[PDB]
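Text of upload.cif (mmCIF, C-alpha atoms; chains and numbers go by the auth columns) as supplied:
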```cif
data_coords
loop_
_atom_site.group_PDB
_atom_site.id
_atom_site.type_symbol
_atom_site.label_atom_id
_atom_site.label_comp_id
_atom_site.label_asym_id
_atom_site.label_seq_id
_atom_site.Cartn_x
_atom_site.Cartn_y
_atom_site.Cartn_z
_atom_site.B_iso_or_equiv
_atom_site.auth_seq_id
_atom_site.auth_asym_id
ATOM 1 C CA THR A 1 -58.181 -2.256 35.527 0.00 18 A
ATOM 2 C CA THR A 2 -54.795 -2.702 33.814 0.00 19 A
ATOM 3 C CA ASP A 3 -51.888 -0.660 35.176 0.00 20 A
ATOM 4 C CA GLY A 4 -51.054 2.432 33.169 0.00 21 A
ATOM 5 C CA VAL A 5 -51.816 6.029 32.311 0.00 22 A
ATOM 6 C CA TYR A 6 -55.334 6.770 31.040 0.00 23 A
ATOM 7 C CA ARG A 7 -57.245 9.559 29.332 0.00 24 A
ATOM 8 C CA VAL A 8 -60.383 10.757 31.121 0.00 25 A
ATOM 9 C CA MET A 9 -63.007 11.460 28.448 0.00 26 A
ATOM 10 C CA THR A 10 -66.509 12.914 28.468 0.00 27 A
ATOM 11 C CA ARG A 11 -69.593 13.020 26.238 0.00 28 A
ATOM 12 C CA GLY A 12 -68.950 14.550 20.611 0.00 32 A
ATOM 13 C CA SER A 13 -66.150 13.443 22.942 0.00 33 A
ATOM 14 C CA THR A 14 -63.611 15.586 24.750 0.00 34 A
ATOM 15 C CA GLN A 15 -60.655 14.753 26.974 0.00 35 A
ATOM 16 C CA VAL A 16 -61.032 16.452 30.351 0.00 36 A
ATOM 17 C CA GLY A 17 -57.994 14.913 32.027 0.00 37 A
ATOM 18 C CA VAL A 18 -55.691 12.014 32.720 0.00 38 A
ATOM 19 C CA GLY A 19 -55.120 9.540 35.480 0.00 39 A
ATOM 20 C CA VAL A 20 -53.034 6.668 36.771 0.00 40 A
ATOM 21 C CA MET A 21 -54.172 3.084 37.309 0.00 41 A
ATOM 22 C CA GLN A 22 -51.986 1.333 39.885 0.00 42 A
ATOM 23 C CA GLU A 23 -52.689 -1.605 42.160 0.00 43 A
ATOM 24 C CA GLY A 24 -56.319 -1.696 41.082 0.00 44 A
ATOM 25 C CA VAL A 25 -56.953 1.966 41.992 0.00 45 A
ATOM 26 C CA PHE A 26 -57.484 4.842 39.573 0.00 46 A
ATOM 27 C CA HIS A 27 -55.851 8.084 40.633 0.00 47 A
ATOM 28 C CA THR A 28 -56.686 11.531 39.222 0.00 48 A
ATOM 29 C CA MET A 29 -57.253 15.159 40.217 0.00 49 A
ATOM 30 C CA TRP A 30 -60.537 16.142 41.819 0.00 50 A
ATOM 31 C CA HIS A 31 -61.047 19.061 39.429 0.00 51 A
ATOM 32 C CA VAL A 32 -60.924 16.617 36.494 0.00 52 A
ATOM 33 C CA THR A 33 -63.911 14.490 37.509 0.00 53 A
ATOM 34 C CA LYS A 34 -65.469 16.204 40.563 0.00 54 A
ATOM 35 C CA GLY A 35 -65.844 12.641 41.798 0.00 55 A
ATOM 36 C CA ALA A 36 -68.158 11.512 39.023 0.00 56 A
ATOM 37 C CA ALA A 37 -68.346 7.794 38.382 0.00 57 A
ATOM 38 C CA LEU A 38 -66.133 6.543 35.526 0.00 58 A
ATOM 39 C CA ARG A 39 -66.891 3.987 32.859 0.00 59 A
ATOM 40 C CA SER A 40 -64.118 1.551 31.994 0.00 60 A
ATOM 41 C CA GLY A 41 -65.263 -0.861 29.323 0.00 61 A
ATOM 42 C CA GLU A 42 -68.411 -2.444 30.684 0.00 62 A
ATOM 43 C CA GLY A 43 -67.394 -1.795 34.308 0.00 63 A
ATOM 44 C CA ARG A 44 -67.968 1.275 36.453 0.00 64 A
ATOM 45 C CA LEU A 45 -65.412 2.874 38.761 0.00 65 A
ATOM 46 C CA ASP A 46 -66.749 4.598 41.869 0.00 66 A
ATOM 47 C CA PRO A 47 -64.924 7.204 43.975 0.00 67 A
ATOM 48 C CA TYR A 48 -63.403 5.833 47.150 0.00 68 A
ATOM 49 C CA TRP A 49 -61.492 8.798 48.620 0.00 69 A
ATOM 50 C CA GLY A 50 -61.157 12.452 47.737 0.00 70 A
ATOM 51 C CA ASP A 51 -59.972 15.804 49.060 0.00 71 A
ATOM 52 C CA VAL A 52 -60.650 19.204 47.512 0.00 72 A
ATOM 53 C CA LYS A 53 -57.698 20.859 49.244 0.00 73 A
ATOM 54 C CA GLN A 54 -55.225 18.377 47.840 0.00 74 A
ATOM 55 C CA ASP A 55 -57.226 18.363 44.605 0.00 75 A
ATOM 56 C CA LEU A 56 -57.118 14.565 44.458 0.00 76 A
ATOM 57 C CA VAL A 57 -59.488 11.606 44.107 0.00 77 A
ATOM 58 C CA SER A 58 -59.059 7.801 44.030 0.00 78 A
ATOM 59 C CA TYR A 59 -61.452 5.231 42.628 0.00 79 A
ATOM 60 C CA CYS A 60 -61.949 1.589 43.680 0.00 80 A
ATOM 61 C CA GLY A 61 -59.629 1.890 46.683 0.00 81 A
ATOM 62 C CA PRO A 62 -57.347 4.093 48.756 0.00 82 A
ATOM 63 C CA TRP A 63 -54.671 6.264 47.222 0.00 83 A
ATOM 64 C CA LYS A 64 -51.698 4.038 46.391 0.00 84 A
ATOM 65 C CA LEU A 65 -49.002 6.402 45.090 0.00 85 A
ATOM 66 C CA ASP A 66 -46.438 7.390 47.712 0.00 86 A
ATOM 67 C CA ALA A 67 -43.087 8.146 46.044 0.00 87 A
ATOM 68 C CA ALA A 68 -41.769 11.687 46.404 0.00 88 A
ATOM 69 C CA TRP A 69 -39.442 14.025 44.541 0.00 89 A
ATOM 70 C CA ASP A 70 -35.937 13.749 45.951 0.00 90 A
ATOM 71 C CA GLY A 71 -35.363 17.502 45.687 0.00 91 A
ATOM 72 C CA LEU A 72 -32.276 17.223 43.463 0.00 92 A
ATOM 73 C CA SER A 73 -32.918 15.051 40.392 0.00 93 A
ATOM 74 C CA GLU A 74 -34.670 15.659 37.128 0.00 94 A
ATOM 75 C CA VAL A 75 -38.133 14.141 36.728 0.00 95 A
ATOM 76 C CA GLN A 76 -40.311 13.312 33.758 0.00 96 A
ATOM 77 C CA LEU A 77 -43.847 14.497 33.072 0.00 97 A
ATOM 78 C CA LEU A 78 -45.680 11.675 31.287 0.00 98 A
ATOM 79 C CA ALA A 79 -47.932 14.081 29.442 0.00 99 A
ATOM 80 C CA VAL A 80 -51.018 12.724 27.726 0.00 100 A
ATOM 81 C CA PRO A 81 -52.344 15.763 25.830 0.00 101 A
ATOM 82 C CA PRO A 82 -55.694 15.510 24.044 0.00 102 A
ATOM 83 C CA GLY A 83 -55.280 14.079 20.533 0.00 103 A
ATOM 84 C CA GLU A 84 -51.639 13.138 21.158 0.00 104 A
ATOM 85 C CA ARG A 85 -49.666 10.035 22.000 0.00 105 A
ATOM 86 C CA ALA A 86 -48.315 9.730 25.548 0.00 106 A
ATOM 87 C CA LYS A 87 -45.003 11.579 25.723 0.00 107 A
ATOM 88 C CA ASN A 88 -42.265 12.126 28.308 0.00 108 A
ATOM 89 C CA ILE A 89 -41.003 15.622 29.054 0.00 109 A
ATOM 90 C CA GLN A 90 -37.937 15.689 31.305 0.00 110 A
ATOM 91 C CA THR A 91 -37.353 18.660 33.613 0.00 111 A
ATOM 92 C CA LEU A 92 -35.703 19.852 36.850 0.00 112 A
ATOM 93 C CA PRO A 93 -38.541 20.895 39.189 0.00 113 A
ATOM 94 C CA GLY A 94 -38.499 24.211 40.943 0.00 114 A
ATOM 95 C CA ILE A 95 -40.066 24.616 44.372 0.00 115 A
ATOM 96 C CA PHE A 96 -43.295 25.850 45.966 0.00 116 A
ATOM 97 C CA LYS A 97 -42.201 27.184 49.379 0.00 117 A
ATOM 98 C CA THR A 98 -45.166 27.066 51.765 0.00 118 A
ATOM 99 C CA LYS A 99 -45.692 27.548 55.479 0.00 119 A
ATOM 100 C CA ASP A 100 -46.142 23.779 55.742 0.00 120 A
ATOM 101 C CA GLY A 101 -43.006 22.850 53.773 0.00 121 A
ATOM 102 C CA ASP A 102 -41.709 22.679 50.230 0.00 122 A
ATOM 103 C CA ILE A 103 -43.355 21.008 47.232 0.00 123 A
ATOM 104 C CA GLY A 104 -41.791 20.239 43.880 0.00 124 A
ATOM 105 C CA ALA A 105 -43.232 22.200 40.984 0.00 125 A
ATOM 106 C CA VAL A 106 -42.783 21.864 37.206 0.00 126 A
ATOM 107 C CA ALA A 107 -42.704 24.923 34.955 0.00 127 A
ATOM 108 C CA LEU A 108 -44.466 23.178 32.096 0.00 128 A
ATOM 109 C CA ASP A 109 -47.609 24.421 30.366 0.00 129 A
ATOM 110 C CA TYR A 110 -49.678 21.756 28.503 0.00 130 A
ATOM 111 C CA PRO A 111 -53.387 21.829 27.470 0.00 131 A
ATOM 112 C CA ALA A 112 -55.937 21.639 30.303 0.00 132 A
ATOM 113 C CA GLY A 113 -57.000 18.117 29.339 0.00 133 A
ATOM 114 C CA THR A 114 -53.516 17.008 30.426 0.00 134 A
ATOM 115 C CA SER A 115 -54.447 17.541 34.088 0.00 135 A
ATOM 116 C CA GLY A 116 -53.837 14.354 36.038 0.00 136 A
ATOM 117 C CA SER A 117 -50.804 13.323 33.994 0.00 137 A
ATOM 118 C CA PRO A 118 -48.247 11.548 36.190 0.00 138 A
ATOM 119 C CA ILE A 119 -44.838 12.926 37.077 0.00 139 A
ATOM 120 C CA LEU A 120 -42.148 10.268 37.383 0.00 140 A
ATOM 121 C CA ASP A 121 -38.818 9.820 39.106 0.00 141 A
ATOM 122 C CA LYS A 122 -35.917 8.020 37.415 0.00 142 A
ATOM 123 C CA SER A 123 -37.047 4.625 38.781 0.00 143 A
ATOM 124 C CA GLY A 124 -40.431 4.997 37.061 0.00 144 A
ATOM 125 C CA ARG A 125 -42.417 5.651 40.250 0.00 145 A
ATOM 126 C CA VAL A 126 -45.228 8.237 40.205 0.00 146 A
ATOM 127 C CA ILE A 127 -44.123 11.115 42.506 0.00 147 A
ATOM 128 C CA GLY A 128 -47.304 13.104 41.868 0.00 148 A
ATOM 129 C CA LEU A 129 -49.874 14.387 39.368 0.00 149 A
ATOM 130 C CA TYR A 130 -49.786 17.463 37.062 0.00 150 A
ATOM 131 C CA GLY A 131 -52.372 20.210 36.840 0.00 151 A
ATOM 132 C CA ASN A 132 -52.825 22.109 40.095 0.00 152 A
ATOM 133 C CA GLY A 133 -50.673 25.183 40.166 0.00 153 A
ATOM 134 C CA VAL A 134 -50.099 28.927 39.886 0.00 154 A
ATOM 135 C CA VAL A 135 -49.276 31.559 37.269 0.00 155 A
ATOM 136 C CA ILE A 136 -46.218 33.813 37.378 0.00 156 A
ATOM 137 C CA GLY A 137 -47.400 34.573 32.183 0.00 159 A
ATOM 138 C CA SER A 138 -46.212 30.985 32.620 0.00 160 A
ATOM 139 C CA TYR A 139 -48.130 28.303 34.448 0.00 161 A
ATOM 140 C CA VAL A 140 -46.266 26.246 37.068 0.00 162 A
ATOM 141 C CA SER A 141 -47.791 23.024 38.369 0.00 163 A
ATOM 142 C CA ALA A 142 -47.303 21.626 41.798 0.00 164 A
ATOM 143 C CA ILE A 143 -46.140 18.004 41.901 0.00 165 A
ATOM 144 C CA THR A 144 -49.275 16.932 43.777 0.00 166 A
ATOM 145 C CA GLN A 145 -48.901 13.669 45.728 0.00 167 A
ATOM 146 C CA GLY A 146 -51.336 11.943 48.088 0.00 168 A
ATOM 147 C CA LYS A 147 -50.932 9.881 51.240 0.00 169 A
ATOM 148 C CA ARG A 148 -50.767 6.099 51.335 0.00 170 A
ATOM 149 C CA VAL B 1 -72.884 12.999 31.124 0.00 49 B
ATOM 150 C CA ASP B 2 -70.906 9.829 30.413 0.00 50 B
ATOM 151 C CA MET B 3 -67.319 10.079 31.704 0.00 51 B
ATOM 152 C CA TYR B 4 -65.032 7.169 30.682 0.00 52 B
ATOM 153 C CA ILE B 5 -61.360 6.176 30.500 0.00 53 B
ATOM 154 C CA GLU B 6 -59.101 4.831 27.735 0.00 54 B
ATOM 155 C CA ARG B 7 -55.627 3.371 28.277 0.00 55 B
ATOM 156 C CA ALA B 8 -52.942 5.654 26.828 0.00 56 B
ATOM 157 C CA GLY B 9 -49.731 3.866 27.820 0.00 57 B
ATOM 158 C CA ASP B 10 -47.384 2.303 30.353 0.00 58 B
ATOM 159 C CA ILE B 11 -45.905 4.314 33.185 0.00 59 B
ATOM 160 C CA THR B 12 -42.220 4.339 32.276 0.00 60 B
ATOM 161 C CA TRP B 13 -39.237 6.621 32.084 0.00 61 B
ATOM 162 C CA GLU B 14 -37.952 7.210 28.530 0.00 62 B
ATOM 163 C CA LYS B 15 -34.202 7.725 28.037 0.00 63 B
ATOM 164 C CA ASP B 16 -34.705 9.841 24.879 0.00 64 B
ATOM 165 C CA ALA B 17 -37.214 12.392 26.178 0.00 65 B
ATOM 166 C CA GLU B 18 -37.339 16.080 25.331 0.00 66 B
ATOM 167 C CA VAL B 19 -35.852 18.182 28.152 0.00 67 B
ATOM 168 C CA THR B 20 -37.239 21.642 28.862 0.00 68 B
ATOM 169 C CA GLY B 21 -38.564 24.144 31.343 0.00 69 B
ATOM 170 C CA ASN B 22 -37.158 26.207 34.201 0.00 70 B
ATOM 171 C CA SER B 23 -37.059 25.559 37.973 0.00 71 B
ATOM 172 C CA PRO B 24 -38.512 28.615 39.702 0.00 72 B
ATOM 173 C CA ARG B 25 -38.561 28.982 43.478 0.00 73 B
ATOM 174 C CA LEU B 26 -41.867 30.539 44.485 0.00 74 B
ATOM 175 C CA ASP B 27 -43.486 31.484 47.773 0.00 75 B
ATOM 176 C CA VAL B 28 -47.094 30.268 47.631 0.00 76 B
ATOM 177 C CA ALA B 29 -50.046 29.663 49.930 0.00 77 B
ATOM 178 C CA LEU B 30 -52.695 26.957 49.572 0.00 78 B
ATOM 179 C CA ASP B 31 -56.243 27.805 50.572 0.00 79 B
ATOM 180 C CA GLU B 32 -59.139 25.656 51.657 0.00 80 B
ATOM 181 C CA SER B 33 -60.427 25.351 48.085 0.00 81 B
ATOM 182 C CA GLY B 34 -57.174 23.807 46.902 0.00 82 B
ATOM 183 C CA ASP B 35 -56.071 26.984 45.106 0.00 83 B
ATOM 184 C CA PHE B 36 -52.424 28.007 45.154 0.00 84 B
ATOM 185 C CA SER B 37 -51.674 31.728 45.118 0.00 85 B
ATOM 186 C CA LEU B 38 -48.430 33.638 45.228 0.00 86 B
ATOM 187 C CA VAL B 39 -47.214 35.168 48.467 0.00 87 B
ATOM 188 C CA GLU B 40 -44.744 37.984 49.123 0.00 88 B
#
```

So, in terms of structure tokens, how does the structure I just supplied come out?
Amino acid sequence: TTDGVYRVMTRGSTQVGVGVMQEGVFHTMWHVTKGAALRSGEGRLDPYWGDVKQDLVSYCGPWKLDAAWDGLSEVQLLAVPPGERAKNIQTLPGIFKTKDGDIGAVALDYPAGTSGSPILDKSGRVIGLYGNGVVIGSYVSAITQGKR
Amino acid sequence: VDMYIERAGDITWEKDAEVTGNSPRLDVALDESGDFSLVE
């Protein structure tokens, strides 16, 4: 229940993704858990909201993260790769141009179990999650943010 | 299948982080299944 970035593990054990605990809600990408319940110590976390199109899910409450890329500044990916200590990778996002508007995108390619890692602005706020994207062959991840 | 979580750190900006990666501008479309694909 403590605020922070978390590995999402499965049972040997394997890391299938990452997520963000904030304000009592756990935030990750739908494709990481498919909405399965999550064990945290002796407690259980149940899905509360989810959306396949956004590729997002929240547990224990509504999606809490609402900061957004400012379109000009560098950001940091707080990557939590399997088997590796949490690490910050700073980058200038590029852009996904869509019919519905523009979305920040980071041209960073980490192992699949890093999906759900938070992307941060300079003030430390989570402006979205890593791991839904496209290939150009380099992967590029949308900065995927929900609605509060 | 037992899915579980382990704390891996605080959410903070680090001043001494590695800097890398490009900033491509891409036309994409997002479908009902949440899949991005390129568009021309």

Specify as a PyMOL selection string each residue included when the PyMOL selection byres ((chain A and resi 96) around 8) is applied to this file. (chain A and resi 94-95+97-98+108-111+139-142) or (chain B and resi 61)

Show which residues sit within 9 Å of residue 70 (chain B), as a PDB file with C-alpha atoms, in the frame of the given file. Count only C-alpha atoms, and ignore same-chain residues fewer than 2 positions away.
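New file result_7.pdb:
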```
ATOM      1  CA  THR A 111     -37.353  18.660  33.613  1.00  0.00           C
ATOM      2  CA  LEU A 112     -35.703  19.852  36.850  1.00  0.00           C
ATOM      3  CA  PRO A 113     -38.541  20.895  39.189  1.00  0.00           C
ATOM      4  CA  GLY A 114     -38.499  24.211  40.943  1.00  0.00           C
ATOM      5  CA  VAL A 126     -42.783  21.864  37.206  1.00  0.00           C
ATOM      6  CA  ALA A 127     -42.704  24.923  34.955  1.00  0.00           C
ATOM      7  CA  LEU A 128     -44.466  23.178  32.096  1.00  0.00           C
TER       8      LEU A 128
ATOM      9  CA  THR B  68     -37.239  21.642  28.862  1.00  0.00           C
ATOM     10  CA  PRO B  72     -38.512  28.615  39.702  1.00  0.00           C
TER      11      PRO B  72
END
```

All residues 9 Å or closer to residue 52 (chain B), all atoms listed in the file, same chain fewer than 3 positions away omitted, as a PDB file with C-alpha atoms, in the coordinates of the input:
```pdb
ATOM      1  CA  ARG A  24     -57.245   9.559  29.332  1.00  0.00           C
ATOM      2  CA  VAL A  25     -60.383  10.757  31.121  1.00  0.00           C
ATOM      3  CA  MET A  26     -63.007  11.460  28.448  1.00  0.00           C
ATOM      4  CA  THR A  27     -66.509  12.914  28.468  1.00  0.00           C
ATOM      5  CA  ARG A  28     -69.593  13.020  26.238  1.00  0.00           C
ATOM      6  CA  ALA A  57     -68.346   7.794  38.382  1.00  0.00           C
ATOM      7  CA  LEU A  58     -66.133   6.543  35.526  1.00  0.00           C
ATOM      8  CA  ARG A  59     -66.891   3.987  32.859  1.00  0.00           C
ATOM      9  CA  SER A  60     -64.118   1.551  31.994  1.00  0.00           C
ATOM     10  CA  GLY A  61     -65.263  -0.861  29.323  1.00  0.00           C
ATOM     11  CA  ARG A  64     -67.968   1.275  36.453  1.00  0.00           C
TER      12      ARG A  64
END
```

Selection in question (the file shown): the PyMOL selection byres ((chain B and resi 80) around 10). Which residues does it include, as a PDB file with C-alpha atoms, in the frame of the given file?
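New file result18.pdb:
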```pdb
ATOM      1  CA  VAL A  72     -60.650  19.204  47.512  1.00  0.00           C
ATOM      2  CA  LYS A  73     -57.698  20.859  49.244  1.00  0.00           C
ATOM      3  CA  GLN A  74     -55.225  18.377  47.840  1.00  0.00           C
TER       4      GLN A  74
ATOM      5  CA  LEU B  78     -52.695  26.957  49.572  1.00  0.00           C
ATOM      6  CA  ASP B  79     -56.243  27.805  50.572  1.00  0.00           C
ATOM      7  CA  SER B  81     -60.427  25.351  48.085  1.00  0.00           C
ATOM      8  CA  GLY B  82     -57.174  23.807  46.902  1.00  0.00           C
ATOM      9  CA  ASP B  83     -56.071  26.984  45.106  1.00  0.00           C
ATOM     10  CA  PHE B  84     -52.424  28.007  45.154  1.00  0.00           C
TER      11      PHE B  84
END
```

Could you tell me how far CA of residue 20 (chain A) lies from CA of residue 67 (chain A), in Å and to one decimal?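 Rounded to one decimal, the two atoms are 17.6 Å apart.
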
Residue neighbourhood residue 77 (chain B), 12 Å, all atoms listed in the file, exclusion window fewer than 2 positions, as a ChimeraX atom specification: /A:73,116-123,153-154,164 /B:74-75,79-88

Please write the residues picked by the PyMOL selection byres ((chain A and resi 39) around 9) on this file as an mmCIF file with C-alpha atoms, keeping the file's coordinate frame.
```cif
data_model
loop_
_atom_site.group_PDB
_atom_site.id
_atom_site.type_symbol
_atom_site.label_atom_id
_atom_site.label_comp_id
_atom_site.auth_asym_id
_atom_site.auth_seq_id
_atom_site.Cartn_x
_atom_site.Cartn_y
_atom_site.Cartn_z
ATOM 1 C CA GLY A 21 -51.054 2.432 33.169
ATOM 2 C CA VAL A 22 -51.816 6.029 32.311
ATOM 3 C CA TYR A 23 -55.334 6.770 31.040
ATOM 4 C CA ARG A 24 -57.245 9.559 29.332
ATOM 5 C CA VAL A 25 -60.383 10.757 31.121
ATOM 6 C CA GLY A 37 -57.994 14.913 32.027
ATOM 7 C CA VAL A 38 -55.691 12.014 32.720
ATOM 8 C CA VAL A 40 -53.034 6.668 36.771
ATOM 9 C CA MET A 41 -54.172 3.084 37.309
ATOM 10 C CA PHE A 46 -57.484 4.842 39.573
ATOM 11 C CA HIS A 47 -55.851 8.084 40.633
ATOM 12 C CA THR A 48 -56.686 11.531 39.222
ATOM 13 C CA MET A 49 -57.253 15.159 40.217
ATOM 14 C CA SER A 135 -54.447 17.541 34.088
ATOM 15 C CA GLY A 136 -53.837 14.354 36.038
ATOM 16 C CA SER A 137 -50.804 13.323 33.994
ATOM 17 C CA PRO A 138 -48.247 11.548 36.190
ATOM 18 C CA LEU A 149 -49.874 14.387 39.368
ATOM 19 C CA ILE B 53 -61.360 6.176 30.500
#
```

Counting all atoms listed in the file, figure out which residue out of A:115, A:52, A:87, A:36 gets nearest to chain B.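 Nearest to chain B: A:115.
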
Under the rule that only C-alpha atoms are counted, which of A:55, A:168, A:133, A:101 is the nearest residue to residue 146 (chain A)?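 Ranking A:55, A:168, A:133, A:101 by distance to residue 146 (chain A), first place goes to A:168.
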
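We find CA of residue 152 (chain A) and CA of residue 19 (chain A) to be spaced 25.7 Å apart.
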
Point-to-point distance from CA of residue 129 (chain A) to CA of residue 106 (chain A), Å rounded to tenths: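 These two atoms are separated by 15.5 Å.
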
Using all atoms listed in the file, can you tell me which of A:53, A:134, A:78, A:42 comes closest to residue 49 (chain B)?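 Closest candidate: A:53.
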
Can you work out which one of A:100, A:130, A:79, A:143 has the shortest atom-to-atom distance to residue 160 (chain A), counting only C-alpha atoms? A:130

Find the residues near residue 60 (chain B): any atom within 7 Å, counting all atoms listed in the file, skip ones fewer than 2 places away on the same chain, and give them as a list in words.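 Everything that qualifies: residues 144 of chain A; 58 and 62 of chain B.
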
Store the residues picked out above, limited to C-alpha atoms, as a PDB file, in the coordinates of the input.
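Writing done, so here's out-v6.pdb:
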```
ATOM      1  CA  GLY A 144     -40.431   4.997  37.061  1.00  0.00           C
TER       2      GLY A 144
ATOM      3  CA  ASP B  58     -47.384   2.303  30.353  1.00  0.00           C
ATOM      4  CA  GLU B  62     -37.952   7.210  28.530  1.00  0.00           C
TER       5      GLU B  62
END
```

Calculate, to one decimal in Å, the centre and edge lengths of the box along x, y and z of the file that holds all listed atoms of region 58-76 of chain A with 6 Å of margin on each side, and present them as AutoDock Vina command-line options.
```
--center_x -61.8 --center_y 9.2 --center_z 39.3 --size_x 25.2 --size_y 35.3 --size_z 31.9
```

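Using all atoms listed in the file for every distance, the candidate list A:56, A:92, A:132, A:165 yields A:56 as the residue closest to chain B.
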
Save region 134-150 of chain A to a file: N, CA and C atoms, as an mmCIF file, in the first residue's frame.
```
data_model
loop_
_atom_site.group_PDB
_atom_site.id
_atom_site.type_symbol
_atom_site.label_atom_id
_atom_site.label_comp_id
_atom_site.auth_asym_id
_atom_site.auth_seq_id
_atom_site.Cartn_x
_atom_site.Cartn_y
_atom_site.Cartn_z
ATOM 1 N N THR A 134 9.470 -4.673 -18.207
ATOM 2 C CA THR A 134 9.519 -3.275 -17.820
ATOM 3 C C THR A 134 8.214 -2.549 -18.106
ATOM 4 N N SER A 135 7.276 -3.184 -18.815
ATOM 5 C CA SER A 135 6.005 -2.543 -19.115
ATOM 6 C C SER A 135 5.300 -2.135 -17.836
ATOM 7 N N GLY A 136 4.794 -0.903 -17.827
ATOM 8 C CA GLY A 136 4.174 -0.320 -16.657
ATOM 9 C C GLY A 136 5.091 0.606 -15.892
ATOM 10 N N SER A 137 6.361 0.698 -16.298
ATOM 11 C CA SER A 137 7.281 1.604 -15.617
ATOM 12 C C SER A 137 6.809 3.031 -15.811
ATOM 13 N N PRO A 138 6.895 3.867 -14.776
ATOM 14 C CA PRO A 138 6.419 5.239 -14.867
ATOM 15 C C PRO A 138 7.382 6.138 -15.620
ATOM 16 N N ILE A 139 6.814 7.123 -16.290
ATOM 17 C CA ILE A 139 7.565 8.197 -16.927
ATOM 18 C C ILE A 139 7.285 9.475 -16.142
ATOM 19 N N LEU A 140 8.340 10.180 -15.783
ATOM 20 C CA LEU A 140 8.254 11.313 -14.875
ATOM 21 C C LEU A 140 8.596 12.652 -15.531
ATOM 22 N N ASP A 141 7.913 13.695 -15.093
ATOM 23 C CA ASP A 141 8.376 15.052 -15.390
ATOM 24 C C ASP A 141 9.362 15.537 -14.320
ATOM 25 N N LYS A 142 9.939 16.716 -14.562
ATOM 26 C CA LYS A 142 11.003 17.220 -13.684
ATOM 27 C C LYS A 142 10.544 17.384 -12.233
ATOM 28 N N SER A 143 9.254 17.604 -11.992
ATOM 29 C CA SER A 143 8.773 17.747 -10.615
ATOM 30 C C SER A 143 8.538 16.408 -9.922
ATOM 31 N N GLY A 144 8.816 15.291 -10.591
ATOM 32 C CA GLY A 144 8.609 13.983 -10.019
ATOM 33 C C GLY A 144 7.236 13.389 -10.230
ATOM 34 N N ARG A 145 6.341 14.081 -10.929
ATOM 35 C CA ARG A 145 4.991 13.568 -11.150
ATOM 36 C C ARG A 145 4.992 12.542 -12.281
ATOM 37 N N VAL A 146 4.117 11.541 -12.170
ATOM 38 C CA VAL A 146 4.008 10.486 -13.180
ATOM 39 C C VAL A 146 3.143 11.003 -14.330
ATOM 40 N N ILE A 147 3.760 11.252 -15.497
ATOM 41 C CA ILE A 147 3.017 11.735 -16.682
ATOM 42 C C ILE A 147 2.535 10.592 -17.597
ATOM 43 N N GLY A 148 2.836 9.359 -17.244
ATOM 44 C CA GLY A 148 2.269 8.222 -17.936
ATOM 45 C C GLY A 148 3.100 6.991 -17.660
ATOM 46 N N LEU A 149 2.672 5.868 -18.272
ATOM 47 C CA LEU A 149 3.312 4.565 -18.137
ATOM 48 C C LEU A 149 3.892 4.072 -19.460
ATOM 49 N N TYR A 150 5.011 3.324 -19.362
ATOM 50 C CA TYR A 150 5.777 2.804 -20.504
ATOM 51 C C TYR A 150 5.333 1.408 -20.895
#
```
